[PDB]
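Following: one structure in structure tokens, then a few remarks.
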Amino acid sequence: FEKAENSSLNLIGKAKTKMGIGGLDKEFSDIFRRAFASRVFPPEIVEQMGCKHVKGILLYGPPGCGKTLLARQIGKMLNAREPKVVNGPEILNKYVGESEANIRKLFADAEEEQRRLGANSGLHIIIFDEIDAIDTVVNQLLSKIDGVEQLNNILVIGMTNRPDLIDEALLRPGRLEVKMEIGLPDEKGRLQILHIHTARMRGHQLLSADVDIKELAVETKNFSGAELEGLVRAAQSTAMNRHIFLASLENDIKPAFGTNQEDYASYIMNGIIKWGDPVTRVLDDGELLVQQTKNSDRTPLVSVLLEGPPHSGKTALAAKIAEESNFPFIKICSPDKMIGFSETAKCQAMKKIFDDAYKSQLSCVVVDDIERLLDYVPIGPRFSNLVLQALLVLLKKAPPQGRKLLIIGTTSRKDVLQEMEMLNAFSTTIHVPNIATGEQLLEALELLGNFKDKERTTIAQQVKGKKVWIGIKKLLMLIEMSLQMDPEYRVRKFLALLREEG
Amino acid sequence: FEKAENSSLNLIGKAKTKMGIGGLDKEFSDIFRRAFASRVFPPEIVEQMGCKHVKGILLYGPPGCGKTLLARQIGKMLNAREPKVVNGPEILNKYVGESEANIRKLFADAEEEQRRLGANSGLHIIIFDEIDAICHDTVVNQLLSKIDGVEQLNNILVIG
Amino acid sequence: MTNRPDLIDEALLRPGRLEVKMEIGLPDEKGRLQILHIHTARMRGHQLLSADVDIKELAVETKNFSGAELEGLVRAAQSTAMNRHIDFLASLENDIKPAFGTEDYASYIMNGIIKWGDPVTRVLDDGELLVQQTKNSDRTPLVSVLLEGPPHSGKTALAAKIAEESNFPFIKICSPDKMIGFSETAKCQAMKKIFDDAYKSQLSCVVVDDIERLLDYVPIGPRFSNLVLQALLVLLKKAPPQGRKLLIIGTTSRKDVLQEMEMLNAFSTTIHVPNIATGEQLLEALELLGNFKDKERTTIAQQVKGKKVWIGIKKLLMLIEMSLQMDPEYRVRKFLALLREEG
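Chains as they are written, first to last, in the deposited numbering: chain D, 185 to 201, 217 to 333, 348 to 457, 480 to 737; chain C, 185 to 201, 217 to 334, 347 to 371; chain E, 372 to 457, 479 to 494, 497 to 737.
Okay, here's the thing in structure tokens:
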């Protein structure tokens with residue numbers, strides 16, 4: 185037996201009657232688990248469960264994560280036809296109050312469909328784009358999801374770039390019981406996204422042999438889905454361009492990642508040539524400390540201080556250390572970005588750079604010019620308290636459990652750090668001595684390969700045995716100065732300037 | 185079948201069938232190439248590529264770089280008729296309703312023609328000047356939604 | 372009925388049109404058991420139930436949650452169970489589902507408070523003595539205590555443990571970390587808000603940490619924040635509403651500056667937690683941590699005799715970890731050398 189279209193006859197008893220998405224799949228399973236469970240079992244199980252169907256679910260991800268596509272896909276698959284409801288970001292447009300009430304009404308009809316037939320089984324899914332930026350409108354929206362009576366048998370999903378912007382009241386279980394956060398796509402996940410976007414191209418015979426999905430994935434783990442898709446889109450333009480490997484290079488000349496923006500080539504500008512075996516040992520020791528950060532569970536937080544006189548190649552060394560770490564999160568902090576910022580503002584930038592680090596399981600943050608951030612001036616002595624406090628606290632700050640943070644800073648002078656008492660906070664201090672012997676200097680010259688061999692030998696004759704005191708960074712500048720002179724007096728100039736930088 | 189060279193007949197299915220800008224040439228070609236190259240090849244090549252056409256191109260220049268002239272030229276060159284659409288910087292003028300609704304409105308028509316006709320072959324171009332004014348609060352929020360809109364919106368080109 | 376009092380108009384509130392204003396209470400333990408009990412019971416009534424889940428246990432586990440929240444927790448458990456079909481589900485829901493919106499000690503005792511030394515036990519028993527002092531304390535309403543240790547003492551994890559041990563009805567942790575980048579005034583303000591929050595509970599404990607850090611005190615100058623110091627100075631003097639009481643624990647790296655600012659004078663009790671000066675104790679700690687092999691512990695034991703160690707546990711564990719990454723022949727020697735340099 186089956187009562188006619190939502191009649192008034194109360195009958196009781198039993199005598200009645217996955218493609219394509221890439222990554223996030225465990226998460227997808229969970230979201231499926233909370234919303235779908237009430238609907239999926241037909242039909243006594245829910246009463247046995249005895250839980251009113253869930254009202255709404257909300258998802259927030261960093262931009263370009265392709266939140267929207269996932270929402271469209273799920274909405275079409277869950278119900279034969281909702282059929283999908285779309286919300287303009289403005290939502291409320293037309294400032295006359297009746298109109299705003301209309302913005303409410305589109306929700307209002309949806310609540311109503313259940314009311315006419317309540318029990319089973321009509322489902323309407325309404326999805327709001329730009330839920331952030333939503348007064349009377351917000352309170353009003355809030356009403357059309359929970360209470361006064363019923364309003365169940367429909368579900369709403371909200372997509373937004375930032376969680377913090379949104380109202381607290383919606384979040385509590387009930388109106389929005391489950392909140393979903395989307396991470397940057399996993400490396401393996403990045404490979405499903407690249408693989409599936411490629412695959413439509415792949416499926417046709419045309420392909421580029423050199424390009425490799427795995428290679429693209431290792432190359433960027435940062436990119437969000439929208440973006441990864443964009444990345445594949447970029448490659449096409451080059452082929453198309455050619456008609457009127481290459482794609483990877485072209486890709487490099489256009490990624491615009493927004494997370495890959497920091498360039499190490501910017502910090503390791505003249506590279507490393509090792510004047511001394513000890514400089515290599517210092518880098519390797521730094522690597523070992525990084526490995527230490529990587530291995531340790533009881534000590535997930537690491538601070539290392541490397542000190543050399545300005546122009547000592549500290550920053551570069553730090554950058555190299557960062558390079559060889561292969562950490563999923565690497566960031567570098569420089570005053571350079573910071574220039575002219577209010578002491579409070581500087582603290583704000585710091586808060587942002589440190590803030591991202593904690594989410595990432597293993598990560599390294601490099602601070603150039605630690606003293607610059609304190610901004611010590613020898614006369615005085617004048618430095619800023621808030622920056623210092625922030626640095627001391629940040630060094631002693633711990634990422635949430637299950638997480639590791641690694642900090643590297645470079646300070647030219649130990650005396651500043653001792654003056655602050657900041658130095659005590661650091662787990663370790665590593666010296667970065669500038670060249671002190673002649674032979675070693677000659678060796679640096681050989682690695683750089685600037686002077687002709689004979690002139691270099693003459694220079695060695697003029698320095699071997701003697702003592703010198705030149706920072707590497709200074710030395711390159713020096714070499715340049717001397718190479719601008721005639722091939723005759725290129726050595727006289729070098730030695731003169733070295734005798735000045737002694 | 186094939187429409188005449190003056191018909192507006194919207195047929196569907198598969199039973200059918217260099218001046219003037221001083222300087223800016225190589226760049227003009229690469230910029231030309233990413234938006235135009237994807238769209239120009241007729242017509243199977245894109246599917247072989249299997250890549251959805253890009254939505255928009257943005258150009259930023261020092262003032263006096265004649266950016267506006269370049270924009271006019273791309274508008275002339277890309278379509279027999281775009282037809283070109285131009286947006287005032289203020290955008291958000293009119294307190295009463297309005298600006299949000301208007302933003303969606305200027306955005307909406309190209310998409311609707313396309314949904315009615317989506318596949319081929321209408322591409323609509325809307326041009327943006329003084330973007331900094333454009334992107347405040349919500350009105351800035353509205354523009355973002357149309358490009359990343361849940362359903363379609365491809366084949367509409369915006370330059371800022 | 373409304374979520375926030377503040378939004379609404381003043382005129383209605385005065386006795387007459389709206390004489391009585393009622394504010395919903397924080398969920399009762401017994402009450403929490405009631406809201407959970409109805410949903411659970413309805414489930415009890417049907418045959419299916421989770422044996423592991425206990426009503427009393429869930430109630431004891433959750434203090435903060437609004438009603439709705441209870442239905443929410445239960446609902447999530449039901450969804451996870453459904454997932455199982457295609479602790480248990482309830483545990484997974486507790487693990488994820490909320491989103492509760494509301497005292498985490500697990501963030502302040504990263505390293506289990508291991509019994510490395512007799513000093514550790516004595517500092518904690520002294521903490522026990524202090525709570526017992528609080529329990530009644532009619533003559534003196536407010537308790538002020540501080541811990542003074544060498545940097546990396548780890549005194550703060552200890553203070554947190556004392557807070558866990560006490561289990562007073564309201565305990566809120568204070569973090570330097572939240573304060574960072576705040577205006578000196580902003581810093582004062584948050585701190586103030588915590589101060590009033592402490593007022594609501596009858597018997598209550600609050601934590602102040604890295605006060606030299608909290609103050610923004612700096613060695614050169616010295617430079618420090620007069621306003622922050624002020625909130626801090628008055629508070630110890632400041633009295634909770636009659637009935638309800640509070641205990642303040644401050645951890646300070648440096649005793650003398652704080653004494654110097656009359657801060658020390660304020661505290662009812664001062665406690666010291668020095669770093670171990672004994673090699674064997676160091677060994678005991680090593681054994682507790684279980685980092686070195688049973689051979690290495692013996693070797694360290696051989697080396698320590700005839701030697702004096704002045705190193706912090708926080709620092710020590712960091713040191714240990716550092717020695718460990720290097721290869722096995724190396725670890726013993728390196729750790730010894732490292733200790734020597736640190737000394």
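Virtual Cβ for every residue (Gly too), placed ideally from N, Cα, C.
Checklist entry - Can the beta-carbon of D:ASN365 be found less than 8 Å from the beta-carbon of D:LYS254? => result Working through the first sequence from its first residue, we reach residue 365 of chain D at position 152. Working through the first sequence from its first residue, we reach residue 254 of chain D at position 55. Yes. Within cutoff.
Checklist entry - Alpha carbon to alpha carbon, how far is residue 215 of chain D from D:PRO668? => result Residue numbering in chain D breaks between 201 and 217, and residue 215 of chain D falls inside that break, so it has no position here.
Item to check | Contact residues within the stretch 263-276 of chain D, judged by C-beta distance below 7 Å to chain C | outcome: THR267, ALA270, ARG271
Next on the checklist: Nearest by alpha-carbon distance to C:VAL350: which of C:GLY296, C:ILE244, C:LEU291 is it?
Outcome noted: Within the second sequence, numbered from 1, the residue matching residue 350 of chain C stands at position 139. Taking only the C-alpha atoms, the option nearest C:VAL350 is C:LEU291.
Checklist entry - Touch check for the stretch 632-639 of chain D and the stretch 525-545 of chain D: three-plus C-beta pairs under 8 Å? => result Yes: at least three Cβ pairs fall under 8 Å.
Next on the checklist: Between which two residues does the beta strand (DSSP E) holding D:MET372 run?
Outcome noted: Sequence index remark: in the first sequence, residue 372 of chain D carries index 159 (1-based). Unbroken beta strand (DSSP E) run through D:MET372: 368-373.
Checklist entry - How big is the Cα-Cα spacing for E:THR451 and E:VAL424? => result Walking along the third sequence from the start, residue 451 of chain E turns up at place 80. Walking along the third sequence from the start, residue 424 of chain E turns up at place 53. About 14 Å.
Checklist entry - Along chain E, in chain order, which residues have C-beta atoms closer than 7 Å to that of D:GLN496? => result Your numbering for residue 496 of chain D matches position 261 in the first sequence. Simply none; closest approach about 23 Å.
Next on the checklist: Between the alpha carbons of E:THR494 and E:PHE436, how many angstroms are there, rounded?
Outcome noted: Translated into positions along the third sequence, residue 494 of chain E becomes position 102. Translated into positions along the third sequence, residue 436 of chain E becomes position 65. In this structure, the CA atom of E:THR494 is about 7 Å from the CA atom of E:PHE436.
Next on the checklist: Quick check for students: name the residue ranges of the beta strand (DSSP E) that lie wholly in the stretch 225-303 of chain D, counting only runs of 3 or more.
Outcome noted: 255-259, 284-286
Checklist entry - Which residue from D:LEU626, D:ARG516, D:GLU736 puts its Cα closest to that of D:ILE643? => result In the first sequence, the residue the question calls residue 643 of chain D occupies position 408. Minimum Cα distance to D:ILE643 is reached at D:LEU626.
Item to check | Per DSSP, cross-strand counterpart(s) of residue 466 of chain D | outcome: Inspection of chain D shows residue 457 followed directly by residue 480; residue 466 of chain D is thus not represented.
Next on the checklist: What does the alpha-carbon distance come out to for the pair E:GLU656 and E:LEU630?
Outcome noted: For the purposes of this step, residue 656 of chain E is taken as the residue at position 262 of the third sequence. For the purposes of this step, residue 630 of chain E is taken as the residue at position 236 of the third sequence. C-alpha separation (whole angstroms): 11 Å.
Next on the checklist: Short of 9 Å Cβ to Cβ, which residues in the stretch 247-260 of chain C face chain D?
Outcome noted: Result list: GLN247, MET248, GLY249, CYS250, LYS251, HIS252, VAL253.
Item to check | Proximity winner among D:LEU652, D:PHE589, D:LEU223, relative to D:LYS632 (alpha-carbon distances) | outcome: Position 397 of the first sequence, counted from the start, is the residue given in the question as residue 632 of chain D. A check of alpha carbon separations from D:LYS632 across D:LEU652, D:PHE589, D:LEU223 identifies D:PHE589 as the nearest.
Checklist entry - Whose CA, out of C:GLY260, C:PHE235, C:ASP328, C:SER192, lies closest to the CA of C:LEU223? => result Counting from 1 along the second sequence, the entry for residue 223 of chain C is found at position 24. Cα-wise, what sits closest to C:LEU223 is C:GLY260.
Item to check | Nearest-angstrom Cα separation, counted from D:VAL537 out to D:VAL601 | outcome: Locating residue 601 of chain D in the first sequence gives position 366, counting from the first residue. Locating residue 537 of chain D in the first sequence gives position 302, counting from the first residue. Their backbone Cα atoms lie some 12 Å apart in a straight line.
Checklist entry - Touch check for the stretch 613-627 of chain E and the stretch 510-522 of chain E: three-plus C-beta pairs under 8 Å? => result no
Item to check | Nearest neighbour of D:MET372, chosen from D:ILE333, D:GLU362, D:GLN363, D:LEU354 [CA to CA] | outcome: By 1-based counting over the first sequence, the position of residue 372 of chain D is 159. Among D:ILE333, D:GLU362, D:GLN363, D:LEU354, the Cα nearest to that of D:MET372 is on D:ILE333.
Next on the checklist: Please confirm whether E:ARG607 has its beta-carbon closer than 8 Å to some beta-carbon of chain D.
Outcome noted: Working through the third sequence from its first residue, we reach residue 607 of chain E at position 213. Chain D, which has a Cβ nearer than 8 Å to the Cβ of E:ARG607, makes this yes.
Checklist entry - Nearest to D:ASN286 by CA position, among D:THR411, D:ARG314, D:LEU354, D:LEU277, is which residue? => result Here residue 286 of chain D refers to the residue found at position 87 when the first sequence is read from its first residue. When only C-alpha atoms are compared, the closest one is D:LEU354.
Next on the checklist: Taking CB distances under 8 Å as the criterion, tell me whether D:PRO386 reaches chain E.
Outcome noted: In the first sequence, counting from the first residue as 1, residue 386 of chain D sits at position 173. Cβ-Cβ to chain E under 8 Å: yes for D:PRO386.
Item to check | Which listed residue (E:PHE618, E:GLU578, E:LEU683, E:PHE562) has its alpha carbon closest to that of E:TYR593 | outcome: Here residue 593 of chain E refers to the residue found at position 199 of the third sequence. If we check each option's Cα against that of E:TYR593, E:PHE562 comes out closest.
Checklist entry - Which residues of chain D have a Cβ atom closer than 7 Å to the Cβ of E:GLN719, listed in chain order? => result Start at 1 with the first residue of the third sequence, and residue 719 of chain E comes out as number 325. Per Cβ cutoff of 7 Å: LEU523, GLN526, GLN527, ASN530.
Checklist entry - Does DSSP put D:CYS568 in a helix, a strand or coil? => result Residue numbering aside, residue 568 of chain D sits at position 333 when the first sequence is read from its first letter. Three-state DSSP puts D:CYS568 in a strand.
Checklist entry - Using a C-beta to C-beta distance shorter than 8 Å, which residues of chain C count as neighbours of D:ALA332? => result Against the first sequence, residue 332 of chain D aligns to sequence position 133. Result: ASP348, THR349, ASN352.
Checklist entry - Quick one: Cα of E:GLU522 to Cα of E:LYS555, how far? => result The residue you call residue 522 of chain E lines up with position 128 of the third sequence. The residue you call residue 555 of chain E lines up with position 161 of the third sequence. Computed Cα separation, rounded: 11 Å.
Checklist entry - Would you say C:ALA300 faces chain D, with C-beta separation under 8 Å as the test? => result Position 101 of the second sequence, counted from the start, is the residue given in the question as residue 300 of chain C. Against chain D, the CB of C:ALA300 has a partner CB under 8 Å away; the residue lies at that interface.
Next on the checklist: Cβ closer than 8 Å: which chain D residues qualify as neighbours of E:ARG617?
Outcome noted: For this step, residue 617 of chain E is matched to residue 223 along the third sequence. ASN620, listed in chain order.
Next on the checklist: Judging by CA-CA distance, which residue of E:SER569, E:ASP377, E:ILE565, E:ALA679 is the nearest neighbour of E:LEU597?
Outcome noted: Working through the third sequence from its first residue, we reach residue 597 of chain E at position 203. For the residues E:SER569, E:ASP377, E:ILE565, E:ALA679, the minimum Cα distance to E:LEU597 belongs to E:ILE565.
Checklist entry - Under a three-way DSSP split, which group does C:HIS323 fall into? => result Locating residue 323 of chain C in the second sequence gives position 124, where the first residue counts as 1. Residue state, collapsed to three classes: strand.
Checklist entry - Do three or more CB pairs link the stretch 691-705 of chain D to the stretch 723-730 of chain D at distances below 8 Å? => result yes
Checklist entry - Terminal residues of the continuous alpha helix (DSSP H) containing E:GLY438? => result By 1-based counting over the third sequence, the position of residue 438 of chain E is 67. Counting along the chain, E:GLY438 sits inside the alpha helix (DSSP H) bounded by residues 438-456.
Item to check | contact_flag[the stretch 291-303 of chain D, the stretch 483-498 of chain D] where n(CB pairs < 8 Å) is 3 or more | outcome: The stretch 291-303 of chain D vs the stretch 483-498 of chain D: no contact.
Item to check | Beta-carbon neighbours of D:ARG375, restricted to chain C and to distances below 8 Å | outcome: Start at 1 with the first residue of the first sequence, and residue 375 of chain D comes out as number 162. Chain C residues near D:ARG375: none, gap ~12 Å exceeds 8 Å.
Checklist entry - Are there 16 or more other CB atoms within 10 angstroms of the CB of C:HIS347, so buried, or fewer, so exposed? => result Within the second sequence, numbered from 1, the residue matching residue 347 of chain C stands at position 136. Per the 10 Å Cβ criterion, exposed.
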